[PDB]
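Protein chains in written order, with our numbering: chain A, 2 to 131; chain B, 2 to 131; chain C, 2 to 131.
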Amino acid sequence: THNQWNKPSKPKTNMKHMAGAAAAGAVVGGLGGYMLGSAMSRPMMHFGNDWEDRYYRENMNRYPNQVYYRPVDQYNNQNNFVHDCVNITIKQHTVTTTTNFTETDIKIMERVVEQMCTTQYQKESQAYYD
Amino acid sequence: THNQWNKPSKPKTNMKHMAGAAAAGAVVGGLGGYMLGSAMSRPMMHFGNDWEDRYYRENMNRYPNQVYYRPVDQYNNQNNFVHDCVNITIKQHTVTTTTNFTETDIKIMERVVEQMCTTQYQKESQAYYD
Amino acid sequence: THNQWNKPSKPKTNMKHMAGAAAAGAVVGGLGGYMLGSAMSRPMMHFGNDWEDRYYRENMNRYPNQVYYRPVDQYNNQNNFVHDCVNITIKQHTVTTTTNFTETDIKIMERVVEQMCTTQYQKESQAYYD
Numbered sequence: 002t003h004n005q006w007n008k009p010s011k012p013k014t015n016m017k018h019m020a021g022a023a024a025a026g027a028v029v030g031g032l033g034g035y036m037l038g039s040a041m042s043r044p045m046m047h048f049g050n051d052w053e054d055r056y057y058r059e060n061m062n063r064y065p066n067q068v069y070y071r072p073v074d075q076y077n078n079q080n081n082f083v084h085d086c087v088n089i090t091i092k093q094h095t096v097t098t099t100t101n102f103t104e105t106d107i108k109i110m111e112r113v114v115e116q117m118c119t120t121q122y123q124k125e126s127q128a129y130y131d
Numbered sequence: 002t003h004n005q006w007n008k009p010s011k012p013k014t015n016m017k018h019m020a021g022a023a024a025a026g027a028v029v030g031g032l033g034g035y036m037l038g039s040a041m042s043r044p045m046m047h048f049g050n051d052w053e054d055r056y057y058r059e060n061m062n063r064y065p066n067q068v069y070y071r072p073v074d075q076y077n078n079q080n081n082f083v084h085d086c087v088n089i090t091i092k093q094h095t096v097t098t099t100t101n102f103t104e105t106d107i108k109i110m111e112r113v114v115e116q117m118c119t120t121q122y123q124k125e126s127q128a129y130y131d
Numbered sequence: 002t003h004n005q006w007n008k009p010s011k012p013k014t015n016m017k018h019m020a021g022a023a024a025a026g027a028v029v030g031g032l033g034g035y036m037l038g039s040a041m042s043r044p045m046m047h048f049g050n051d052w053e054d055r056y057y058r059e060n061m062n063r064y065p066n067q068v069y070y071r072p073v074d075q076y077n078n079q080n081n082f083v084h085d086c087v088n089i090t091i092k093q094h095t096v097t098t099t100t101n102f103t104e105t106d107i108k109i110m111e112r113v114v115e116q117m118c119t120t121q122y123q124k125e126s127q128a129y130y131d
């Protein structure tokens, strides 16, 4: 004879996002790829009594992994920025009190802020006078 | 004879998003890809009594993985920005008190803010006088 | 005869994101790749009684791993920035009090902030006078 009792008392299980793809305030975006943040799983579990006599299983499988990885990548620009440019403060004040002459004031690119947490492949900059 | 009892008391299970694709305030967007944040799973579970005598299963499968990965990627621009440019403060004040002459004031790009958390492949900039 | 009792008292399990891909405020983005932050797992577990007599399993598998890794990568620009440019303070003040002459003031690129946490492959910069 066989007897199998199973009397759990108030069991609690949390299988949220089990064997799945979860993304929370993230980026799963690439220029290239074949498997980015995916799930291909075959998990097995038991939580009670189990009993097996004479089985055959999981024998003579043939699943070799064969890959030819030949990409060409040239003159690209990729950047991954996380938590950059935090708590930046810039202050630039000016105070002037003034009181038969000739004055001239010529200025270029005065009090300029540029390129805070930017990415580029190429740039040029010409700032001159004649 | 065979007997199988199963008397759980108030069991709690959370299988939200199990073996699925979940995205919460995220981006799953790429230029290229074959599997981005997907789920291809075959999970098995039992939560009570189990009993099996003489079965044959999961034998002589043939599922080899064969891939030819040959992309061409040239002169692209990709960027992944997460939590950038937080808590930025810029302050630029000016105070002037003034009291037979010739004055001249020529300024270019005065008090300019530029390119805060931008991306680019190329740029040029000409700021000059004649 | 066979007897199997299973009487757990208030068991608690946390299988959140088990055998899956999870991303929380991260980037899983690359220029190239074949498996980036993926899951290919076959975990087995039991949490109660178990009993097995005469089984055959997991025999004569053939799953060799064969890869030809031949990529070409030329003139690329990639950068991974995490927690850069934190708590930056810049202060540049100016105070002037003034009271038959000829004045001339010529300035270029005066009080400039540039290139805070930027990436580049190439740049040029010309700042001159004539």
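Ideal Cβ positions, reconstructed from N, Cα and C, are used throughout, including at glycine.
Asked                                                                                                                                                                        : Found
Report all residues from its chain with a CB closer than 6 Å to the CB of C:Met110; omit the five preceding and five following residues, and keep chain order.               : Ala128
Pull up the CB-CB distance for C:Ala20 and A:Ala20, whole angstroms please, since I reckon it's below 8 Å.                                                                   : 5 Å
Which whole-angstrom value describes the C-beta separation of residue 132 of chain C and A:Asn78, a residue pair presumed to lie in contact below a C-beta threshold of 8 Å? : Examination of residue 132 of chain C is not possible in this model, given that chain C is present from 2 through 131 alone.
Decide yes or no for the touch test of the stretch 53-64 of chain B against the stretch 65-74 of chain A: beta carbon pairs closer than 8 Å, at least 3 of them.             : no
With DSSP run on the structure shown, which of helix, strand or coil describes B:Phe48?                                                                                      : coil
Please report how far the alpha carbon of A:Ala25 lies from the alpha carbon of B:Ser10, in whole angstroms.                                                                 : 34 Å
Is B:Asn60 near A:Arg58, with beta carbons less than 8 Å apart?                                                                                                              : yes
So, helix, strand or coil for A:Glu111, using DSSP?                                                                                                                          : coil
Could you compute how far the alpha carbon of B:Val113 sits from the alpha carbon of A:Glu115?                                                                               : 8 Å
I need the boundaries of the beta strand (DSSP E) containing C:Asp74, first residue and last residue.                                                                        : 73-75
In whole angstroms, what separates the C-alpha of C:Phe48 from that of A:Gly34?                                                                                              : 38 Å
Any Cβ of chain C within less than 8 Å of the Cβ of B:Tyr56?                                                                                                                 : no
Note down, in chain order, all residues in the stretch 75-101 of chain B with a beta-carbon under 8 Å from any beta-carbon belonging to chain C.                             : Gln79, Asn81, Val83, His84
From the DSSP output, in three-state form, read off B:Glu104 for me.                                                                                                         : coil
Looking at A:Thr100: is its Cβ nearer than 8 Å to the Cβ of C:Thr103?                                                                                                        : no
Quick one: what does DSSP say C:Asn60 is sitting in, helix, strand or coil?                                                                                                  : coil
On the DSSP letters alone, give me the boundaries of the beta strand (DSSP E) that A:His3 sits inside.                                                                       : 3-5
Run the CB neighbour count on B:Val87, radius 10 Å, all protein chains shown included, and call it buried at 16 or more, exposed below.                                      : exposed
Distance, Cα to Cα, C:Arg43 vs A:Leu32?                                                                                                                                      : 30 Å
Using DSSP with H/G/I as helix, E/B as strand and the rest coil, what is C:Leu37?                                                                                            : strand
State the CB to CB distance for the pair A:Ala23 and C:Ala40, rounded to an integer number of angstroms; the pair is presumed to be in contact (CB under 8 Å).               : Wrong, their Cβ atoms sit about 11 Å apart, outside the cutoff.
When the Cα atoms are used, what is the spatial distance from B:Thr105 to B:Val96?                                                                                           : 19 Å
Buried or exposed: which applies to B:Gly30, given that a residue is buried once 16 or more other Cβ atoms fall within 10 Å of its Cβ?                                       : exposed
Mind reading off the beta-carbon distance from B:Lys8 to A:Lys8? Whole number of angstroms is fine, and I expect it under 8 Å.                                               : 5 Å
Determine the direct distance from the alpha carbon of A:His3 to that of B:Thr2, and round the result to whole angstroms.                                                    : 7 Å
Under 8 Å by Cβ, that's how I've got B:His18 and A:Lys17 pegged, so tell me the actual separation to the nearest angstrom.                                                   : 6 Å
Could you give the residue range of the beta strand (DSSP E) that holds B:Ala128?                                                                                            : 127-129
Suppose contacts are defined by Cβ-Cβ distances below 8 Å. Is B:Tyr130 in contact with A:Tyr130 by that definition?                                                          : yes
Locate the beta strand (DSSP E) running through residue 1 of chain A, then write down its first and last residues.                                                           : Absent from the structure is residue 1 of chain A, since the part of chain A shown begins at 2 and ends at 131.
For a quick check, are the C-beta atoms of B:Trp6 and A:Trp52 less than 8 Å apart?                                                                                           : no
I need the DSSP call for A:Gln123, collapsed to helix, strand or coil.                                                                                                       : strand
If you reduce the DSSP assignment to three classes, tell me which class A:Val68 lands in.                                                                                    : strand
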